[PDB]
Structure formats: C-alpha cells, structure tokens
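First comes the structure, then the notes that go with it.
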Amino acid sequence: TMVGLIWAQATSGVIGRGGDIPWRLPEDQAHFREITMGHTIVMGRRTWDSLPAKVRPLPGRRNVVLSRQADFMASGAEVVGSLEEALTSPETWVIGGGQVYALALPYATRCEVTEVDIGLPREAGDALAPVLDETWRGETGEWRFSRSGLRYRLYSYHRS
Ligand SMILES: NC(=O)c1ccc[n+]([C@@H]2O[C@H](COP(=O)([O-])OP(=O)(O)OC[C@H]3O[C@@H](n4cnc5c(N)ncnc54)[C@H](OP(=O)(O)O)[C@@H]3O)[C@@H](O)[C@H]2O)c1
Ligand SMILES: Cc1nc(C(F)(F)F)c(C(=O)O)cc1-c1nc(-c2ccccc2)cs1
C-alpha cells in the first residue's frame, strides 16, 4: 500500500481560488493520466464538486470522495468519512484539494508536483499547496512550454 499526492501550484503556492484552479495547462493532462490511470484517486468533496460533469467521475480510476456529511451522494464515487478508509488498494493518488493534501501528506511516499511560472499572489481564502520537508528526494524537470502561454516544470519527489 502506498499513497502519492499529485498537484499543480503557482510559485506562490496557490493551488485554488473561487472553487477553481486559476490557470489552465492542457499539456499536463497526459502526465496526470499516466500517474493516476488504473489506480484509486482520492479527493475532497469540494474538488469533486469542481469537476465538470463530463469527467465526474474521472474515467478509468476508482474515484473516492472524502466528506464528513452522512450519506452525501457522489454518483460515480465512493464517499468515505476518513482518509484511512480510502487506502485499500496498492496505489492511492490524492488529487486535491488543499485540505485533503494537508491530511494526506503524512501518509505519502510520492509527490508529483507541477510548478507553473505565474506570479499569482495569495489572497484570503485561497487553497494552498503543502510543503515537503527534507525527508523527500527527487529531481526538478526541465522547463516546458504550454500553449496557454505559461512555462511549467515537474518535481518528482519520493521518500521511504
Ligand atoms: N493541483 C491543483 O491546483 C488542484 C487539484 C485539486 C483541487 N484544486 C482546487 O483546490 C480547491 C479545493 O480545495 P479545498 O481545500 O477548498 O477543499 P477540498 O480539500 O477539495 O475538500 C474539502 C472538503 O473535504 C472534506 N474533508 C476535508 N477534510 C476531511 C476530513 N478529516 N475528514 C473527512 N472529510 C474531510 C470536507 O467535505 P464536507 O464539507 O462534505 O464534509 C471538506 O469540506 C479548489 O479551488 C480546487 O479547484 C487544485
Ligand atoms: C476535462 C478533463 N478531461 C480528462 C480527459 F478525460 F479528457 F483525459 C481528464 C482525465 O482523464 O484525466 C481530466 C479532466 C479534468 N480534470 C480536472 C481536475 C480538476 C482537479 C483535480 C484533478 C482533475 C478538471 S477537468
């Protein structure tokens, strides 16, 4: 059993605002699919609500949604009341959002982090990325360009 986290952040650490992600990076969809396809994905209820209906649930993955609400209906996902209840498959990828990343970081042995070269100053209410300590090791990838006009790069980090 392992847990990984996968997220994208601006250089400020902002990952979400107003119930959405404040940029688009279409080229990174392949990476997101390569990492998560065929595995369990776990997300917070707000992130589930943010998915367009076309990809709710995300196809080819076992979708799990965390909520404290008894009998919340998430058609296409299994709703659980604790993160630990979701960790039943060999590989579980936490796909957001801010609250669930913070909850899951202690359990994680991999982080796949896309850094987007955009200023995006923090504002009240923003969802923020977690911070990795010195227990993690890995590499920072080369800069890639997105047709959106932004450059981005991948940090692939891991620990025992
Ligand atoms: N890579 C990215 O940039 C990225 C990827 C994913 C999401 N996002 C963005 O992140 C934002 C959402 O993040 P968020 O922090 O506001 O919300 P979130 O983590 O997606 O969901 C929070 C909700 O999860 C449930 N939950 C949280 N902690 C729980 C715990 N111990 N036990 C049981 N259930 C728990 C609660 O649901 P209930 O209220 O139903 O109890 C909580 O209200 C959005 O802007 C999204 O677009 C960004
Ligand atoms: C349009 C879309 N399309 C595809 C598909 F089907 F086209 F590949 C996929 C896929 O399969 O990973 C995924 C999405 C989206 N993901 C998010 C999202 C948002 C937050 C966290 C994780 C994913 C939004 S919109």
Side-chain angles (χ1 to χ4, degrees), residues 2-52 54-66 83 86-87 89-160:
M2 72 75 70
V3 173
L5 277 45
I6 176 163
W7 77 89
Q9 63 179 63
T11 63
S12 58
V14 171
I15 67 166
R17 177 172 299 169
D20 208 333
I21 300 170
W23 63 83
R24 288 301 179 263
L25 218 62
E27 296 83 357
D28 211 26
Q29 204 150 110
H31 166 249
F32 181 80
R33 285 179 61 91
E34 263 57 84
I35 292 295
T36 62
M37 193 60 56
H39 306 300
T40 297
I41 57 175
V42 176
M43 70 201 89
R45 195 258 318 149
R46 289 178 180 169
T47 292
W48 170 260
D49 285 346
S50 84
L51 295 173
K54 64 203 239 215
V55 286
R56 196 153 109 264
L58 283 156
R61 287 144 285 194
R62 173 180 170 245
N63 286 229
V64 177
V65 174
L66 305 184
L83 175 62
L87 313 188
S89 296
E91 249 185 83
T92 301
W93 285 90
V94 176
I95 67 159
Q99 295 186 7
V100 180
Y101 291 131
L103 195 70
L105 182 63
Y107 297 137
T109 47
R110 285 190 62 183
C111 290
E112 290 287 310
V113 183
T114 297
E115 176 175 57
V116 181
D117 184 1
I118 190 173
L120 205 58
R122 297 183 185 184
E123 298 291 350
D126 282 350
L128 306 177
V131 55
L132 307 194
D133 60 27
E134 62 294 331
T135 69
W136 296 86
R137 74 186 183 284
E139 305 79 47
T140 307
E142 72 294 340
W143 286 111
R144 289 150 186 251
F145 184 70
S146 169
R147 72 176 188 254
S148 79
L150 302 174
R151 67 177 186 163
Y152 70 97
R153 62 181 171 188
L154 174 63
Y155 292 78
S156 178
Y157 281 76
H158 45 266
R159 65 173 174 178
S160 284

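Every heavy atom of this structure was used, including side-chain atoms; hydrogens, water molecules and symmetry mates were not. Note that the numbering runs from 1 along the sequence shown for the chain.
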Would you check if [X] and [Y] make a side-chain contact, meaning some heavy-atom pair closer than 4.5 Å?
{"X": "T114", "Y": "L25", "result": "yes"}
{"X": "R24", "Y": "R147", "result": "no"}
{"X": "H39", "Y": "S89", "result": "no"}

Value rounded to 0.5 Å, distance of [atom1] in [X] from [atom2] in [Y]:
{"X": "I95", "Y": "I35", "atom1": "CD1", "atom2": "CD1", "result": "13.0 Å"}
{"X": "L154", "Y": "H31", "atom1": "CG", "atom2": "NE2", "result": "4.5 Å"}
{"X": "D28", "Y": "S146", "atom1": "CG", "atom2": "OG", "result": "8.5 Å"}
{"X": "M2", "Y": "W93", "atom1": "CE", "atom2": "CH2", "result": "5.0 Å"}
{"X": "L58", "Y": "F32", "atom1": "CG", "atom2": "CZ", "result": "5.5 Å"}
{"X": "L128", "Y": "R17", "atom1": "CG", "atom2": "CZ", "result": "9.5 Å"}

Looking only at heavy atoms, what is the nearest atom pair of [X] and [Y], with distance?
{"X": "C111", "Y": "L132", "result": "SG-CD2, 3.7 Å"}
{"X": "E112", "Y": "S156", "result": "OE2-OG, 2.6 Å"}
{"X": "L5", "Y": "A108", "result": "CD1-CB, 3.6 Å"}
{"X": "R137", "Y": "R159", "result": "NH1-CA, 3.9 Å"}
{"X": "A30", "Y": "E34", "result": "O-OE1, 2.5 Å"}
{"X": "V3", "Y": "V94", "result": "CG1-CG2, 4.0 Å"}

Side-chain (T92) to main-chain (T40) donor-acceptor, under 3.5 angstrom: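 No.
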Main-chain N/O of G4 paired to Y107 side chain as donor or acceptor, under 3.5 Å: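 No; zero donor-acceptor contacts below 3.5 Å.
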Partner of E115 by salt bridge (charged side-chain N to carboxylate O under 4.0 Å, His left out), out of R151, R144, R153: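 Running salt bridge (charged side-chain N to carboxylate O under 4.0 Å, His left out) over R151, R144, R153 with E115 returns exactly one hit, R153.
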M43 and its side-chain contact (heavy atoms from CB on, under 4.5 Å) partner, picked from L51, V64, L66: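 Checked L51, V64, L66 against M43; only one passes side-chain contact (heavy atoms from CB on, under 4.5 Å): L51.
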Positive for side-chain contact (heavy atoms from CB on, under 4.5 Å) with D126, one of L120, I15, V14: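 Exactly one option meets the side-chain contact (heavy atoms from CB on, under 4.5 Å) with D126, and it is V14.
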